[PDB]
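**Student:**
Chains as they are written, first to last, in this note's numbering: chain A, 6 to 48; chain B, 29 to 386; chain C, 26 to 419; chain D, 22 to 69; chain E, 111 to 300; chain F, 67 to 231.
1. How many angstroms separate the CA atom of residue 154(C) from the CA atom of residue 103(F)?
2. From this set, 145(E), 254(E), 213(E), which residue's C-alpha is nearest residue 283(E)'s C-alpha?
3. Would residue 183(F) pass as an interface residue toward chain C - the criterion being a Cβ-Cβ separation below 7 Å?
4. Measure the alpha-carbon distance for residue 331(B) versus residue 323(B) and round it to whole angstroms.
5. Can you list, in chain order, the residues of its chain whose CB lies under 6 Å from that of residue 157(F), leaving out five sequence neighbours each side?
6. Pick helix, strand or coil for residue 194(F), following the three-state DSSP scheme.
7. Can you list, in chain order, the residues of the segment 178–191 of chain B whose Cβ is nearer than 8 Å to any Cβ on chain C?
8. Just by C-beta distance, which residues in the segment 185–209 of chain C are closer than 7 Å to chain F?
9. Alpha carbon to alpha carbon, what distance is there between residue 243(E) and residue 213(E)?
10. Classify residue 160(E) as helix, strand or coil using the three-state DSSP reduction.
11. Note down, in chain order, every chain C residue with its Cβ under 7 Å from the Cβ of residue 168(F).
12. I want to verify the contact list: residues of chain E whose CB lies under 8 Å from the CB of residue 152(F), in sequence order.
13. Cα separation between residue 233(B) and residue 296(B)?
14. Going by C-alpha distance, which of 312(C), 28(C), 135(C) is nearest residue 268(C)?
15. For the putative contact between residue 208(C) and residue 167(C), defined by C-beta atoms under 8 Å, what is the C-beta separation to the nearest angstrom?
16. My guess is that residue 165(C) and residue 110(C) are in contact by the Cβ rule of under 8 Å, so how many angstroms apart are they, rounded?
17. Where residue 243(C) and residue 71(B) are concerned, what is the direct C-alpha to C-alpha distance, given to the nearest angstrom?
18. Alpha carbon to alpha carbon, how far is residue 60(D) from residue 91(B)? Give it in angstroms, no decimals.
19. For the segment 143–158 of chain F against the segment 276–296 of chain E, are there 3 or more C-beta pairs whose distance is under 8 Å?
20. Output yes if chain F places a C-beta closer than 7 Å to the C-beta of residue 266(C); else output no.
21. Distance, Cα to Cα, residue 423(C) vs residue 379(C)?
22. Alpha carbon to alpha carbon, how far is residue 71(C) from residue 29(C)? Give it in angstroms, no decimals.
23. Taking the straight line between their C-alpha atoms, what separation do you get for residue 305(B) and residue 381(B)?
24. At the level of alpha carbons, what is the spacing between residue 59(B) and residue 42(B)?
25. My output table needs one value for residue 283(E): the three-state DSSP class, helix, strand or coil.
26. Kindly list, in the order they appear in chain C, the residues whose Cβ is closer than 8 Å to that of residue 43(A).
27. Any Cβ of chain E within less than 7 Å of the Cβ of residue 145(F)?
28. Output, in sequence order along the chain, the residues in the segment 76–99 of chain B whose CB is closer than 9 Å to any CB in chain C.
29. Suppose you measure from the CA of residue 132(C) to the CA of residue 114(C); what does that come to, to the nearest Å?
30. Do residue 88(C) and residue 151(C) have their CB atoms nearer than 7 Å?
31. Which residues bound the alpha helix (DSSP H) around residue 97(F)?
32. Using a C-beta to C-beta distance shorter than 7 Å, which residues of chain C count as neighbours of residue 35(A)?
33. Taking CB distances under 7 Å as the criterion, tell me whether residue 263(C) reaches chain F.
34. Can you name the start and end residues of the alpha helix (DSSP H) that residue 173(E) belongs to?
35. I want to see whether chain C comes within less than 7 Å of residue 32(B), judged by CB atoms only; does it?
36. Under 7 Å Cβ to Cβ from residue 160(B), same chain only, skipping five residues before and after it: list those, please.
Below is the structure:
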């Protein structure tokens, strides 16, 4: 069983899974300053 | 480029609207911050080709502005105070960029008042706000911000003072302010810019050396002597600081334009001879309540660690004069004992390392 | 992971029996090029990290070979070097290799500090020369830009090396000016974000140079808005390409940094509503305009949380958000599908940010901005998701 | 020629005056006498 | 005596002329494709005249366009080049193809401080498109400042009698121009 | 033999003119620029050709006065480009999406900022391609012709002119 041989599937596997996909915006936010306004409002 | 008169135009517009709207009591933080950041690199070359007496009146205006915190003596009012501080430091940045940035300006476009103002401002602000908050020995985001601000201030001030001549009254305060920081703990960056400052000061005017050397010697007790932050002048292979300071000084004065080579080398040797004699005589005998022996040990260990590099001459000069001084010092029978003891020990250590390097 | 570790020991003892070290690297390059299963080197070093790390730290020799070899071998060599750098910086291996999330040893800590010092001192000297050498190649610079993310930033101060920093910023500037592939722009922007960390003395110089770059970018933007707004050359493709390239650079830099003192939302609104009216605007231009406008909104919202919120900026912000929501509603039915999906993502983003829950966290000025979508829009979006998400058969 | 030599000498003088850096004070523009000889006696009093 | 012309011609040009002459001599000696020799009209230098005051200006205006070979047709050009490449001869040779010549439509300025060069050159009117191509596009201006002003205002190359030049694209080339190194003069005297 | 001595006289007068007007006469293009890779030295010098010796000057006037002095010195005609009045076109960057070749200007590293405009005037939109086969295909295959050079130094411009050596 080979590990993922390309970058794309590895970055997808990083932010993959229901919790990670469901806990971060669909448009990436490079500065954490923008992360705090987002993660703040999620009960 | 040649002129690039579009952001030159930008800032020119900014300046004329601002001093017009003021002349006919603060500019606001944003204006000052942008004007200074545009002064630095944009106006790295664009400060020429402007109106002179215009500059005279605006520098007078920001002088009268700055004076509002000269001897400021400092749950919301405290915030207002630190606000005043950051504003005045931004102004200081503006002024110290404006004084130096051009390779050439007309004379009398900067009068000594801005000099004295920034000197006393930085002195009081630093020695009464920075040191207590970073180290309980003498005693939020704006704190580190202003720390960086003062680093730029003192660097720019070093460069300006190197450029032009100045008056001795300013010289006393600037020298005291630049020697001050070397006796607190977490000021590394301040230390090395201050190194630049003091060596420029030591370069230009050849009449205050006796005063500056003694005022260096005075505060030897207050030195750090902490394992952490002892050797903080990178080069592994770290060395002490005050030894770097003194060596930089002694190497600095050469004044190269015939007899100049001779008299310069003699001036250097005479200064070194005086420094080392003062050190050793005050060090040797055990005095009341305080010693110097670890200090001399660290100095000489540094020297042996730094014997032959391309960019630190005169160390061998120090060693040669040290050797002759030691041997001509402990030979005779007139001194006391412990001084002879300590000297012979130091000579043994340095001879050992010498032979080992051999 | 243990299988890979033992296999790396096998490789070490099988084929590895400053200048001598380079030949082993060449052998490794041959082994990498003959493996037709894997196109990246992260796992070779990962498997070798326990046993041959001393070989892996021969950055000196690797630097020597790069200056004074097949160009494919050079590219692969750069890639593997970057992978080694990542492995040295962080003890945990990349995802899918590590059983334990956290592994800490004292030896690891001391080694980490020394590795950081050596990597910094080496690459402060070497990187500008590398950018000069390979500026034409996008992939190589894209790899190299991950290097500064791991620097101890004190070393720029303590080392007295600010001139090399100046060389770095000049060379990277030239690199930005010569490539248009998006990933390099993302990487360079992130590098400037790391460099503009406000805990380090260096910040002011790089921020000023950045401001010079942003003057350049806005001047090109001024040309773009004037050319599109006027009759000009009747929407010639060449002008469109210039505007698109510049717009891509603006979006990429604007993603990481607050450029709110320059109101470039206005021009994009000026071109987007007119592009809706004709309905025929290039897809890439509109998608980038939507993204930059969203980033501008977000950054504009950032400094209204600082503690002294005036109400005139608050209401004009509400004006801008509501107007943008209405235009996004108007363009959500644009024929171009990547525009449809981006508009969907940005719309869901805006609804997420400006929910009812926005005001909950002790918020005064955030009750005026809560928006609840119309039910007709709700049904429109549900139709949209049915059309564009739920197809399992070609 | 006389003019060129005089020009050179005056260039030496301007070189000097820009070198000196005689730090001016607020009283400058008000105390404006134009004689160059009453100036000389004022300078002599300063010297004393 | 006559070799001074060759000294003023350069070996680079001379070898290419000797080589083209050898190629034509091959055509003549084999006695095939006579249309080649019956439709080859010589170099530019044998098909015009000019006043001696402009020898420098004309020569540097053309540079090595003085050696373009007037020919009836492409077929002459290709057979010469075929034998040239076959015989491994030192380049180079330059052709003027009558069937193919494309000349820029130019309206001359009505300025009274510069004169059209074409009004002072005598040439063969069968070769009109050729001469319009080689010399029809540079103005002779009164002075260096006139030359600069005219070539910035107008899309024409400009040159002074003393040799100061400005290109239509901004290139400036200048130096000492001789008189005894001219070649049109001694072709006139013979 | 004789030509060597002639070249020595030409290089000594060129140096003398460079010393004569130090600020205005920056030097030869070699002095103020560099090729990035050793590989591309032959191709860059091939595309530049005559332009190898182009003396950078500030103004046309000082260029002319140097030309006069050179006339006294009996030197070869030389080319001067004055940065103030040099009339250059902005770089057509739209060719950066060609998937095989690169802009020639992307291979020169220039120390002085002002000289970039002269470099644009000397290069224009000349293109350098990987091999001769591709260079020929993407020089002649479009509706418009492209200025394209291969690494062996054969040069085809957009107008159809052909040169080599």
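Here a beta-carbon is modelled for each residue, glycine too, at the ideal position from N, C-alpha and C.
**Tutor:** Quick look at the numbers:
1. Position 129 of the third chain, counting from 1, holds the residue named residue 154(C). Position 37 of the sixth chain, counting from 1, holds the residue named residue 103(F). Taking the straight line joining both Cα atoms gives about 12 Å.
2. Residue numbering aside, residue 283(E) sits at position 173 when the fifth chain is read from its first letter. Taking only the C-alpha atoms, the option nearest residue 283(E) is 254(E).
3. Taking the first residue of the sixth chain as 1, we reach residue 183(F) at position 117. Not one chain C Cβ lies under 7 Å of residue 183(F).
4. Walking along the second chain from the start, residue 331(B) turns up at place 303. Walking along the second chain from the start, residue 323(B) turns up at place 295. Taking the straight line from one Cα to the other gives about 13 Å.
5. Position 91 of the sixth chain, counted from the first residue, corresponds to residue 157(F). Taken in chain order, the residues that qualify are 186.
6. Here the question's residue 194(F) lines up with position 128 in the sixth chain. It is a strand residue.
7. 179, 180
8. 203, 205
9. Position 103 of the fifth chain holds residue 213(E). Position 133 of the fifth chain holds residue 243(E). Taking the straight line from one Cα to the other gives about 5 Å.
10. What you label residue 160(E) is simply residue 50 of the fifth chain in a count that begins at 1. Note: residue 160(E) maps to strand in three-state DSSP.
11. Here residue 168(F) is taken as the residue at index 102 of the sixth chain, counted from 1. Correct list: 161.
12. If you number the sixth chain from 1, residue 152(F) lands on position 86. Within chain E, the residues near residue 152(F) are 280.
13. Numbered from its first residue, the second chain carries residue 233(B) at position 205. Numbered from its first residue, the second chain carries residue 296(B) at position 268. Going from the Cα of residue 233(B) to the Cα of residue 296(B) covers about 15 Å.
14. Here residue 268(C) refers to the residue found at position 243 of the third chain. With distances taken between Cα atoms, residue 268(C) lies closest to 312(C).
15. Taking the first residue of the third chain as position 1, residue 208(C) is located at position 183. Taking the first residue of the third chain as position 1, residue 167(C) is located at position 142. Correct: roughly 5 Å between the Cβ atoms.
16. Numbered from its first residue, the third chain carries residue 165(C) at position 140. Numbered from its first residue, the third chain carries residue 110(C) at position 85. About 14 Å; that fails the 8 Å criterion.
17. Position 218 of the third chain holds residue 243(C). Position 43 of the second chain holds residue 71(B). Straight-line Cα distance between these residues: approximately 19 Å.
18. Along the second chain, read from residue 1 onward, the residue named residue 91(B) stands at position 63. Along the fourth chain, read from residue 1 onward, the residue named residue 60(D) stands at position 39. The alpha-carbon atoms of residue 91(B) and residue 60(D) are separated by roughly 31 Å.
19. yes
20. The residue given as residue 266(C) occupies position 241 in the third chain. Yes - at least one Cβ of chain F is within 7 Å of the one on residue 266(C).
21. Since the first residue of chain C shown is 26 and the last is 419, residue 423(C) is not available in this structure.
22. Residue 29(C) sits at position 4 when you count from the first residue of the third chain. Residue 71(C) sits at position 46 when you count from the first residue of the third chain. Distance between the alpha carbons of residue 29(C) and residue 71(C) is about 8 Å.
23. Numbered from 1 along the second chain, position 277 holds the residue referred to as residue 305(B). Numbered from 1 along the second chain, position 353 holds the residue referred to as residue 381(B). Distance between the alpha carbons of residue 305(B) and residue 381(B): 23 Å.
24. For this step, residue 59(B) is matched to residue 31 along the second chain. For this step, residue 42(B) is matched to residue 14 along the second chain. Whole-angstrom Cα-Cα distance: 9 Å.
25. Walking along the fifth chain from the start, residue 283(E) turns up at place 173. Strand at residue 283(E).
26. Reading the first chain from its first residue, position 38 is the one you call residue 43(A). Result: 377, 378.
27. Position 79 of the sixth chain, counting from 1, holds the residue named residue 145(F). Chain E, which has a Cβ nearer than 7 Å to the Cβ of residue 145(F), makes this yes.
28. none
29. Here residue 132(C) is taken as the residue at index 107 of the third chain, counted from 1. Here residue 114(C) is taken as the residue at index 89 of the third chain, counted from 1. Between residue 132(C) and residue 114(C), the C-alpha separation is close to 14 Å.
30. Locating residue 88(C) in the third chain gives position 63, counting from the first residue. Locating residue 151(C) in the third chain gives position 126, counting from the first residue. Yes.
31. Position 31 of the sixth chain, counted from the first residue, corresponds to residue 97(F). 95–98 is the span of the alpha helix (DSSP H), which, as asked, contains residue 97(F).
32. Taking the first residue of the first chain as 1, we reach residue 35(A) at position 30. Simply 215, 218, 280, 281.
33. In the third chain, the residue the question calls residue 263(C) occupies position 238. Residue 263(C) counts as touching chain F.
34. As a working note, residue 173(E) is residue 63 in the fifth chain. Unbroken run through residue 173(E): none, as it is neither H nor E.
35. The residue you call residue 32(B) lines up with position 4 of the second chain. No, because no Cβ of chain C sits closer than 7 Å to the Cβ of residue 32(B).
36. What you label residue 160(B) is simply residue 132 of the second chain in a count that begins at 1. Excluding sequence neighbours, residue 160(B) sits near 166, 167.
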